>>> print(open('structure.txt').read())   # compact mmCIF, C-alpha atoms and all ligand atoms
# COMPACT_ATOMS: atom_id res chain seq x y z
CA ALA A 1 87.65 -0.63 144.16
CA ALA A 2 88.52 -3.24 141.55
CA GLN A 3 86.86 -6.47 140.50
CA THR A 4 89.32 -8.78 138.77
CA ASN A 5 88.21 -11.22 136.05
CA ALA A 6 85.01 -9.23 135.65
CA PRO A 7 82.47 -9.90 132.89
CA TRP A 8 83.84 -8.08 129.83
CA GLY A 9 80.99 -5.55 129.84
CA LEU A 10 81.79 -4.25 133.34
CA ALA A 11 85.47 -3.98 132.44
CA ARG A 12 84.55 -2.15 129.23
CA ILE A 13 82.55 0.59 130.96
CA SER A 14 85.50 1.42 133.25
CA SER A 15 88.10 1.53 130.47
CA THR A 16 88.93 3.80 127.54
CA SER A 17 89.88 0.73 125.49
CA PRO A 18 88.51 -2.76 124.81
CA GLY A 19 90.19 -5.98 125.94
CA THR A 20 90.65 -5.34 129.68
CA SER A 21 89.34 -7.68 132.39
CA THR A 22 89.18 -5.54 135.53
CA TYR A 23 86.15 -3.47 136.52
CA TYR A 24 87.26 -0.31 138.35
CA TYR A 25 84.61 1.51 140.35
CA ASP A 26 84.05 3.75 143.36
CA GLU A 27 83.23 1.80 146.54
CA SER A 28 79.99 3.78 147.03
CA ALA A 29 78.66 1.51 144.26
CA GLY A 30 75.23 3.08 143.89
CA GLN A 31 74.31 2.88 147.58
CA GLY A 32 71.27 5.04 148.35
CA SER A 33 69.93 4.87 144.81
CA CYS A 34 67.03 2.71 143.57
CA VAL A 35 66.52 0.96 140.25
CA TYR A 36 63.16 -0.38 139.09
CA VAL A 37 63.52 -3.28 136.69
CA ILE A 38 60.35 -3.43 134.61
CA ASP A 39 60.44 -6.88 133.08
CA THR A 40 59.50 -10.55 133.74
CA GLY A 41 60.21 -10.20 137.45
CA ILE A 42 63.29 -10.75 139.61
CA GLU A 43 64.33 -13.87 141.46
CA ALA A 44 64.99 -11.83 144.61
CA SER A 45 66.17 -14.87 146.57
CA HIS A 46 69.23 -15.26 144.30
CA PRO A 47 72.36 -15.06 146.52
CA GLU A 48 73.88 -12.54 144.11
CA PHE A 49 71.36 -9.85 145.14
CA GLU A 50 72.35 -10.10 148.83
CA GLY A 51 68.85 -9.19 150.02
CA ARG A 52 68.89 -5.93 148.04
CA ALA A 53 66.15 -6.99 145.61
CA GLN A 54 62.40 -7.25 146.06
CA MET A 55 59.28 -7.58 143.95
CA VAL A 56 56.89 -4.67 144.44
CA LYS A 57 54.27 -5.27 141.74
CA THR A 58 53.01 -7.95 139.37
CA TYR A 59 50.35 -7.86 136.67
CA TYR A 60 50.06 -11.65 136.52
CA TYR A 61 49.11 -14.54 138.81
CA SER A 62 52.48 -14.59 140.55
CA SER A 63 55.38 -12.21 141.14
CA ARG A 64 57.89 -14.95 140.35
CA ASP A 65 60.23 -14.66 137.39
CA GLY A 66 59.41 -17.84 135.48
CA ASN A 67 61.40 -16.69 132.44
CA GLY A 68 64.82 -15.48 133.54
CA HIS A 69 65.07 -12.32 131.41
CA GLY A 70 64.20 -9.95 134.26
CA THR A 71 66.56 -11.66 136.67
CA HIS A 72 69.37 -11.36 134.09
CA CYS A 73 68.78 -7.64 133.54
CA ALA A 74 68.50 -7.03 137.29
CA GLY A 75 71.81 -8.83 137.76
CA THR A 76 73.58 -6.51 135.32
CA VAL A 77 72.19 -3.49 137.18
CA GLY A 78 73.11 -4.55 140.66
CA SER A 79 74.15 -8.11 141.48
CA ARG A 80 77.37 -8.52 143.44
CA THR A 81 79.42 -10.25 140.75
CA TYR A 82 77.68 -9.22 137.53
CA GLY A 83 76.39 -5.76 138.39
CA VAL A 84 77.39 -2.20 137.62
CA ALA A 85 76.01 -0.68 140.82
CA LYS A 86 76.76 -3.35 143.38
CA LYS A 87 75.03 -1.70 146.35
CA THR A 88 71.89 -0.27 144.74
CA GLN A 89 68.38 -1.28 145.79
CA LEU A 90 66.46 -3.26 143.14
CA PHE A 91 62.68 -3.18 142.71
CA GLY A 92 60.95 -5.63 140.41
CA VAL A 93 57.83 -4.81 138.42
CA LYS A 94 56.48 -7.76 136.45
CA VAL A 95 54.81 -6.42 133.31
CA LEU A 96 55.96 -9.31 131.11
CA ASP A 97 54.63 -12.85 131.38
CA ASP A 98 56.84 -15.92 131.72
CA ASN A 99 57.15 -16.16 127.94
CA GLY A 100 58.64 -12.67 127.91
CA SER A 101 55.52 -11.13 126.38
CA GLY A 102 53.20 -8.36 127.53
CA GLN A 103 50.37 -6.16 126.27
CA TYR A 104 51.09 -2.47 125.79
CA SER A 105 48.31 -1.57 128.26
CA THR A 106 50.11 -3.55 130.97
CA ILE A 107 53.51 -2.08 130.16
CA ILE A 108 52.03 1.42 130.41
CA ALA A 109 50.35 0.66 133.75
CA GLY A 110 53.71 -0.58 135.05
CA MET A 111 55.38 2.68 134.08
CA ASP A 112 52.68 4.78 135.75
CA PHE A 113 53.01 2.55 138.80
CA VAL A 114 56.72 3.32 139.18
CA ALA A 115 56.13 7.07 138.87
CA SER A 116 53.83 6.83 141.88
CA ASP A 117 55.51 4.08 143.89
CA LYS A 118 58.85 5.88 144.10
CA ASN A 119 57.17 8.41 146.39
CA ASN A 120 56.78 5.62 148.98
CA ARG A 121 60.45 4.57 148.91
CA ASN A 122 63.63 5.79 150.53
CA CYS A 123 65.94 6.51 147.60
CA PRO A 124 67.95 9.54 148.73
CA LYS A 125 70.38 9.43 145.81
CA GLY A 126 67.66 9.05 143.19
CA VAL A 127 65.57 6.66 141.11
CA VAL A 128 66.24 4.83 137.83
CA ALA A 129 63.94 2.66 135.70
CA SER A 130 65.33 0.06 133.31
CA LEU A 131 63.09 -1.09 130.44
CA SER A 132 64.55 -3.94 128.45
CA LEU A 133 61.46 -4.33 126.28
CA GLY A 134 59.73 -2.89 123.25
CA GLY A 135 57.69 -3.48 120.14
CA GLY A 136 56.23 -1.51 117.25
CA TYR A 137 55.69 2.22 117.43
CA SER A 138 52.99 3.39 119.83
CA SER A 139 52.49 7.01 120.82
CA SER A 140 50.77 5.81 124.01
CA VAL A 141 53.77 3.74 125.06
CA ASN A 142 56.07 6.64 124.22
CA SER A 143 53.90 8.98 126.25
CA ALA A 144 54.05 6.68 129.29
CA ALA A 145 57.86 6.63 129.11
CA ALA A 146 57.91 10.42 128.82
CA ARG A 147 55.67 10.71 131.90
CA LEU A 148 57.93 8.42 133.91
CA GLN A 149 60.97 10.50 132.95
CA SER A 150 59.12 13.75 133.69
CA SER A 151 58.18 12.49 137.17
CA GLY A 152 61.85 12.44 138.18
CA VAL A 153 63.00 8.96 137.18
CA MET A 154 65.99 8.27 134.96
CA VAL A 155 64.44 6.12 132.24
CA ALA A 156 66.69 3.81 130.21
CA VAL A 157 65.14 1.79 127.36
CA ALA A 158 66.38 -0.81 124.87
CA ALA A 159 66.83 0.34 121.26
CA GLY A 160 65.59 -3.04 120.01
CA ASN A 161 67.13 -5.99 118.17
CA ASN A 162 65.91 -5.58 114.60
CA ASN A 163 69.05 -4.16 112.98
CA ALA A 164 66.86 -1.23 111.94
CA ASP A 165 66.09 2.39 112.70
CA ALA A 166 64.75 2.57 116.26
CA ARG A 167 62.34 5.34 115.18
CA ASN A 168 59.79 2.62 114.40
CA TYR A 169 59.88 1.05 117.86
CA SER A 170 58.53 1.94 121.31
CA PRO A 171 59.46 3.05 123.82
CA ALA A 172 62.85 3.31 122.00
CA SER A 173 61.65 6.19 119.83
CA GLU A 174 60.59 8.46 122.70
CA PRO A 175 63.24 11.19 122.54
CA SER A 176 63.04 12.28 126.20
CA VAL A 177 64.30 8.97 127.63
CA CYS A 178 67.71 7.31 127.31
CA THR A 179 67.70 4.93 124.35
CA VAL A 180 70.46 2.32 124.46
CA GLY A 181 72.09 0.34 121.63
CA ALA A 182 74.37 -2.68 122.03
CA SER A 183 78.06 -3.29 121.32
CA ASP A 184 80.27 -6.38 121.46
CA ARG A 185 83.62 -7.02 123.11
CA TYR A 186 85.54 -5.97 120.01
CA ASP A 187 83.82 -2.56 120.03
CA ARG A 188 81.56 -3.34 117.10
CA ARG A 189 77.91 -2.43 117.02
CA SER A 190 76.14 -5.66 117.93
CA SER A 191 74.90 -7.21 114.69
CA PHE A 192 71.28 -7.15 115.91
CA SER A 193 71.34 -3.68 117.47
CA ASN A 194 68.96 -1.04 116.22
CA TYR A 195 70.44 2.31 115.32
CA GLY A 196 69.34 5.76 114.26
CA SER A 197 69.28 9.34 115.42
CA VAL A 198 67.10 8.60 118.46
CA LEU A 199 69.86 6.49 120.09
CA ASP A 200 71.56 8.27 122.97
CA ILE A 201 74.27 5.84 123.94
CA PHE A 202 75.72 2.34 123.46
CA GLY A 203 76.45 -0.22 126.14
CA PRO A 204 77.82 -3.79 126.17
CA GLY A 205 75.16 -6.15 124.79
CA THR A 206 76.71 -9.23 123.20
CA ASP A 207 77.54 -12.28 125.35
CA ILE A 208 76.69 -10.77 128.71
CA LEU A 209 77.05 -13.00 131.76
CA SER A 210 74.56 -12.37 134.55
CA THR A 211 72.18 -13.96 137.05
CA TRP A 212 69.48 -16.41 135.98
CA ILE A 213 66.56 -18.14 137.66
CA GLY A 214 67.10 -21.25 139.76
CA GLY A 215 70.03 -19.49 141.43
CA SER A 216 72.07 -19.89 138.27
CA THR A 217 73.93 -17.80 135.69
CA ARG A 218 74.03 -17.59 131.92
CA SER A 219 75.27 -15.50 129.04
CA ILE A 220 72.82 -13.96 126.58
CA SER A 221 72.78 -11.15 124.01
CA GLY A 222 70.60 -8.18 123.13
CA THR A 223 69.92 -4.49 123.61
CA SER A 224 68.05 -5.82 126.66
CA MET A 225 71.50 -6.48 128.11
CA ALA A 226 72.99 -3.11 127.22
CA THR A 227 70.17 -1.17 128.86
CA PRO A 228 70.87 -2.29 132.46
CA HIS A 229 74.55 -1.38 132.04
CA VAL A 230 73.42 2.21 131.41
CA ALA A 231 70.73 2.09 134.10
CA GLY A 232 73.29 0.82 136.61
CA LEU A 233 75.80 3.45 135.50
CA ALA A 234 73.19 6.17 136.01
CA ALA A 235 72.48 4.91 139.56
CA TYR A 236 76.21 4.82 140.22
CA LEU A 237 76.75 8.38 139.00
CA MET A 238 73.73 9.75 140.89
CA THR A 239 75.08 8.29 144.14
CA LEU A 240 78.40 10.04 143.43
CA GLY A 241 76.50 13.29 142.97
CA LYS A 242 77.80 13.82 139.46
CA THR A 243 74.36 14.09 137.87
CA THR A 244 70.61 13.96 138.46
CA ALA A 245 67.76 11.88 137.06
CA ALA A 246 66.80 14.65 134.63
CA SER A 247 70.28 15.06 133.20
CA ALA A 248 71.93 11.64 133.59
CA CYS A 249 71.48 10.48 129.98
CA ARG A 250 73.09 13.70 128.74
CA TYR A 251 75.89 13.43 131.33
CA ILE A 252 76.55 9.84 130.28
CA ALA A 253 76.72 10.88 126.59
CA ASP A 254 78.95 13.86 127.42
CA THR A 255 81.43 11.70 129.35
CA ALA A 256 81.29 8.64 127.08
CA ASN A 257 84.07 7.06 125.08
CA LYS A 258 83.71 8.76 121.71
CA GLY A 259 84.46 7.22 118.32
CA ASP A 260 85.55 3.79 119.62
CA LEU A 261 82.80 1.80 117.93
CA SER A 262 82.79 0.34 114.42
CA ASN A 263 79.86 -0.40 112.07
CA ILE A 264 77.97 2.69 113.24
CA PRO A 265 75.73 4.07 110.44
CA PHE A 266 76.10 7.77 109.57
CA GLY A 267 73.69 9.71 111.77
CA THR A 268 73.97 7.41 114.78
CA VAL A 269 76.03 8.51 117.79
CA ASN A 270 79.37 6.82 118.33
CA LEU A 271 79.29 6.93 122.12
CA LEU A 272 80.01 4.10 124.55
CA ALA A 273 79.04 4.28 128.24
CA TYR A 274 82.04 5.02 130.47
CA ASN A 275 82.32 5.63 134.23
CA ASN A 276 85.46 7.81 134.10
CA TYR A 277 86.81 6.23 137.25
CA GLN A 278 90.20 7.37 138.50
CA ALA A 279 91.69 5.87 141.67
CA CA B 1 89.08 4.52 123.18
CA CA B 2 66.95 10.50 124.20
>>> encode(input="structure.txt", output="structure tokens")
Amino acid sequence: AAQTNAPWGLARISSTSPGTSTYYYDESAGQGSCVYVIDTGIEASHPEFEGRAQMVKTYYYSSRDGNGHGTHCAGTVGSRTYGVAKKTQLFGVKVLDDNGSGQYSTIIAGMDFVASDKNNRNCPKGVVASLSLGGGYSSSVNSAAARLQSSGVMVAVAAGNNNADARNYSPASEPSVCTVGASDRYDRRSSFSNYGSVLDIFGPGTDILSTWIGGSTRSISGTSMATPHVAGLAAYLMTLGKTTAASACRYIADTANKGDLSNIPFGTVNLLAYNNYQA
């Protein structure tokens, strides 16, 4: 399948070079997989989700996304026009309030919730969790991410936007999950992207067009935007049978575009998510 005039990020993950505008992907498109978006919520009624999204848990007064961040990330995972895995099932867990903030205790509870909840869902091709959030180092937050990964969920987390070593941020610094940095359309490390040895992979993160609340769209930037590219790619590859939840991050790194990125500090991987599609 081919989506013409795709958002640059989708085109980038199906090409060995920057500057293309078509997203090439297998028609299976993540069908039979499930992705939990742990964030500010998801506007599930947005036409772009085609009924494939639903809220399953909130830690606040409402399950509504009053911010937009979660809806944007969800859109990059699996919306029709802006998504990597266009037929995946999306589950929203609202651990962030409508200002985009959340206590570590709530974020941890949300991770433990997903580890349990997945046992009540029909996700024959596997389960992914996308965490476009983070803050200062916390061994408790790292431990929760490790548990979620251990339980059989492919965990993808944002490296953070501090232009610093991700070792001082959580859950970015948990080695057992998939830690994602951001690149721009010219294959540069995004100027805000964290780096360091704990990074596993880079994905598109600057000027990413996706769904927004009020049935709208908008373009924003961050490692929060790169993370759902990788989460969606994992769901896509699991549906194809190429990899499993335990090994998807490694498979993605193994099959990535290597050495294409500029402004990568010594000691950080130069690996850009790539779906290796061939018609
Ligand atoms: Ca290349
Ligand atoms: Ca890792």
>>> residues_around(input="structure.txt", residues="residue 141 in chain A", least_positions_apart="4", cutoff="7 Å", atoms="only C-alpha atoms", output="ChimeraX atom specification")
/A:104,108,145,170-171
>>> residues_near_ligand(input="structure.txt", ligand="ligand CA 1 (chain B)", cutoff="8 Å", atoms="all atoms listed in the file", output="MDAnalysis selection string")
chainID A and resid 15:18 257:260
>>> residues_around(input="structure.txt", residues="residue 33 in chain A", least_positions_apart="4", cutoff="7 Å", atoms="all atoms listed in the file", output="list in words")
residues 88, 89, 123, 124, 125, 126, 127, 235 and 239 of chain A
>>> residues_near_ligand(input="structure.txt", ligand="ligand CA 2 (chain B)", cutoff="7 Å", atoms="all atoms listed in the file", output="list in words")
residues 174, 175, 176, 177, 178, 179, 198, 199 and 200 of chain A
>>> atom_distance(input="structure.txt", atom1="CA of residue 116 in chain A", atom2="CA of residue 151 in chain A")
8.6 Å
>>> residues_around(input="structure.txt", residues="residue 65 in chain A", least_positions_apart="4", cutoff="8 Å", atoms="all atoms listed in the file", output="ChimeraX atom specification")
/A:40-43,70-71,94,98,213
>>> closest_residue(input="structure.txt", among="A:130, A:244, A:270, A:262", to="residue 191 in chain A", atoms="all atoms listed in the file")
A:262
>>> atom_distance(input="structure.txt", atom1="CA of residue 1 in chain A", atom2="CA of residue 25 in chain A")
5.3 Å
>>> axis_aligned_box(input="structure.txt", around="range 68-87 of chain A", padding_each_side="3 Å", output="AutoDock Vina command-line options")
--center_x 71.8 --center_y -8.1 --center_z 138.9 --size_x 21.2 --size_y 20.8 --size_z 20.9
>>> atom_distance(input="structure.txt", atom1="CA of residue 129 in chain A", atom2="CA of residue 155 in chain A")
4.9 Å
>>> residues_around(input="structure.txt", residues="residue 193 in chain A", least_positions_apart="4", cutoff="6 Å", atoms="all atoms listed in the file", output="PyMOL selection string")
chain A and resi 161+163+181-182
>>> closest_residue(input="structure.txt", among="A:210, A:63, A:183, A:217", to="residue 272 in chain A", atoms="only C-alpha atoms")
A:183
>>> residues_near_point(input="structure.txt", point="(75.1, 5.9, 128.0)", cutoff="10 Å", atoms="all atoms listed in the file", output="ChimeraX atom specification")
/A:13,156,178-181,199-203,226-227,229-231,233-234,248-257,271-275
>>> write_last_selection(input="structure.txt", atoms="C-alpha atoms", output="PDB file, in the frame of the given file")
ATOM      1  CA  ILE A  13      82.550   0.590 130.960  1.00  0.00           C
ATOM      2  CA  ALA A 156      66.690   3.810 130.210  1.00  0.00           C
ATOM      3  CA  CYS A 178      67.710   7.310 127.310  1.00  0.00           C
ATOM      4  CA  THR A 179      67.700   4.930 124.350  1.00  0.00           C
ATOM      5  CA  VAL A 180      70.460   2.320 124.460  1.00  0.00           C
ATOM      6  CA  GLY A 181      72.090   0.340 121.630  1.00  0.00           C
ATOM      7  CA  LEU A 199      69.860   6.490 120.090  1.00  0.00           C
ATOM      8  CA  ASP A 200      71.560   8.270 122.970  1.00  0.00           C
ATOM      9  CA  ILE A 201      74.270   5.840 123.940  1.00  0.00           C
ATOM     10  CA  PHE A 202      75.720   2.340 123.460  1.00  0.00           C
ATOM     11  CA  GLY A 203      76.450  -0.220 126.140  1.00  0.00           C
ATOM     12  CA  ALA A 226      72.990  -3.110 127.220  1.00  0.00           C
ATOM     13  CA  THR A 227      70.170  -1.170 128.860  1.00  0.00           C
ATOM     14  CA  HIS A 229      74.550  -1.380 132.040  1.00  0.00           C
ATOM     15  CA  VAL A 230      73.420   2.210 131.410  1.00  0.00           C
ATOM     16  CA  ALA A 231      70.730   2.090 134.100  1.00  0.00           C
ATOM     17  CA  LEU A 233      75.800   3.450 135.500  1.00  0.00           C
ATOM     18  CA  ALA A 234      73.190   6.170 136.010  1.00  0.00           C
ATOM     19  CA  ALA A 248      71.930  11.640 133.590  1.00  0.00           C
ATOM     20  CA  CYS A 249      71.480  10.480 129.980  1.00  0.00           C
ATOM     21  CA  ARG A 250      73.090  13.700 128.740  1.00  0.00           C
ATOM     22  CA  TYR A 251      75.890  13.430 131.330  1.00  0.00           C
ATOM     23  CA  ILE A 252      76.550   9.840 130.280  1.00  0.00           C
ATOM     24  CA  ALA A 253      76.720  10.880 126.590  1.00  0.00           C
ATOM     25  CA  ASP A 254      78.950  13.860 127.420  1.00  0.00           C
ATOM     26  CA  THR A 255      81.430  11.700 129.350  1.00  0.00           C
ATOM     27  CA  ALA A 256      81.290   8.640 127.080  1.00  0.00           C
ATOM     28  CA  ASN A 257      84.070   7.060 125.080  1.00  0.00           C
ATOM     29  CA  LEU A 271      79.290   6.930 122.120  1.00  0.00           C
ATOM     30  CA  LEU A 272      80.010   4.100 124.550  1.00  0.00           C
ATOM     31  CA  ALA A 273      79.040   4.280 128.240  1.00  0.00           C
ATOM     32  CA  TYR A 274      82.040   5.020 130.470  1.00  0.00           C
ATOM     33  CA  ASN A 275      82.320   5.630 134.230  1.00  0.00           C
TER      34      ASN A 275
END
>>> closest_residue(input="structure.txt", among="A:208, A:153, A:240, A:55", to="residue 6 in chain A", atoms="only C-alpha atoms")
A:208
>>> build_atoms(input="structure.txt", residues="range 215-236 of chain A", atoms="N, CA and C atoms", output="tab-separated table (two decimals), in the coordinates of the input")
chain	number	residue	atom	x	y	z
A	215	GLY	N	68.76	-19.80	140.78
A	215	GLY	CA	70.03	-19.49	141.43
A	215	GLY	C	71.23	-19.73	140.53
A	216	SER	N	71.03	-19.56	139.23
A	216	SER	CA	72.07	-19.89	138.27
A	216	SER	C	72.64	-18.64	137.59
A	217	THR	N	73.41	-18.87	136.53
A	217	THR	CA	73.93	-17.80	135.69
A	217	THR	C	73.87	-18.23	134.23
A	218	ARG	N	73.84	-17.27	133.32
A	218	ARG	CA	74.03	-17.59	131.92
A	218	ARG	C	74.34	-16.35	131.12
A	219	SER	N	74.87	-16.58	129.93
A	219	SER	CA	75.27	-15.50	129.04
A	219	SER	C	74.27	-15.38	127.90
A	220	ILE	N	73.72	-14.19	127.70
A	220	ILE	CA	72.82	-13.96	126.58
A	220	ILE	C	73.13	-12.61	125.94
A	221	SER	N	72.49	-12.34	124.81
A	221	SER	CA	72.78	-11.15	124.01
A	221	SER	C	71.53	-10.36	123.67
A	222	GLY	N	71.67	-9.04	123.61
A	222	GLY	CA	70.60	-8.18	123.13
A	222	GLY	C	70.74	-6.76	123.62
A	223	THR	N	69.93	-5.85	123.08
A	223	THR	CA	69.92	-4.49	123.61
A	223	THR	C	69.28	-4.51	124.99
A	224	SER	N	68.56	-5.60	125.30
A	224	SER	CA	68.05	-5.82	126.66
A	224	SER	C	69.18	-5.92	127.67
A	225	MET	N	70.35	-6.34	127.24
A	225	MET	CA	71.50	-6.48	128.11
A	225	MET	C	72.31	-5.19	128.23
A	226	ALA	N	72.24	-4.37	127.20
A	226	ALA	CA	72.99	-3.11	127.22
A	226	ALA	C	72.31	-2.10	128.12
A	227	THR	N	70.98	-2.15	128.13
A	227	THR	CA	70.17	-1.17	128.86
A	227	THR	C	70.48	-1.16	130.37
A	228	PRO	N	70.53	-2.33	131.03
A	228	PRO	CA	70.87	-2.29	132.46
A	228	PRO	C	72.29	-1.84	132.78
A	229	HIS	N	73.22	-1.96	131.84
A	229	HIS	CA	74.55	-1.38	132.04
A	229	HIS	C	74.42	0.13	132.23
A	230	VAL	N	73.58	0.76	131.39
A	230	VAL	CA	73.42	2.21	131.41
A	230	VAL	C	72.57	2.62	132.61
A	231	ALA	N	71.54	1.84	132.91
A	231	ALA	CA	70.73	2.09	134.10
A	231	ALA	C	71.57	2.00	135.37
A	232	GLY	N	72.39	0.96	135.47
A	232	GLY	CA	73.29	0.82	136.61
A	232	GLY	C	74.31	1.94	136.68
A	233	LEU	N	74.83	2.35	135.52
A	233	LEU	CA	75.80	3.45	135.50
A	233	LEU	C	75.16	4.75	135.98
A	234	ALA	N	73.91	4.98	135.56
A	234	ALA	CA	73.19	6.17	136.01
A	234	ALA	C	73.03	6.17	137.53
A	235	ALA	N	72.63	5.03	138.10
A	235	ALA	CA	72.48	4.91	139.56
A	235	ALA	C	73.80	5.19	140.26
A	236	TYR	N	74.87	4.62	139.70
A	236	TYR	CA	76.21	4.82	140.22
A	236	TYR	C	76.62	6.30	140.21
